[PDB]
Every structure is written in structure tokens, then in C-alpha cells.
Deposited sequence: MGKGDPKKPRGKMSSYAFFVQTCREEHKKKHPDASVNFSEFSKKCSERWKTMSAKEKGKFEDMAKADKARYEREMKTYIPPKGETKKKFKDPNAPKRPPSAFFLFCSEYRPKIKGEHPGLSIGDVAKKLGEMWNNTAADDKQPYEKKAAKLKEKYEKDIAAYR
């Protein structure tokens, strides 16, 4: 974005308010009123010259039951938490290293007929 003179004015006012009132949560609709009154010929010149610098910056910027691996994975999730993408890497390695997966595939075999029907 590119910032107008009035906009730089508003940002500086917000900074002053935050340093004066650290524990204070500003309301938006009241702040625009008081800021607009402050804006409404010498105070503004600083902000006016600041705005063109911002313009230059803008130029630079312009240019189905689960797979047996899933069933195994889900149960081993808590242990890994005790030890997502990282968890899945660990799950896959240990599953690959493991008759070990015959029971999980049997559960999947019961589930496959149920999916089909």
C-alpha cells in the first residue's frame, strides 16, 4: 500500500496514544472523529513530506473406512505426542519398519464390505 498525508497523521496519532496509554483499548469510531478534528498548515507539512517518501517505497515494491496404515497411525499418535507433519514422518518410518500389520488389515477387511454396501 501507499499512504496519504492524512493517513500518516492518523498512524502517528495512534503511536502517541499507545505510548501514553499502554493498557488502553482504543475505540475506532471515536478515534476517527477526534483525529479528523485534529486534522481540521504547519503541523501537517511534516506528514506531507513523509508521504512522498512512502510513494518511492511503493515504486520499489511494485517492481470410506481408512487404510490399514491409517488405523495403525491413529493409535500410535498419542505416544508420538508424548515423545503434524513431523508426527506423520515418525509414524510412517515406524510403520515401514514393522504378520505385524495382518491384524490391522483384517479389521480393514471387515470394514471394506461395509463400505461397499
{"property": "Where the deposited sequence has no C-alpha coordinates (positions from 1, in order)", "result": "1-10, 51-53, 77-96, 117-121, 137-138, 158-163"}
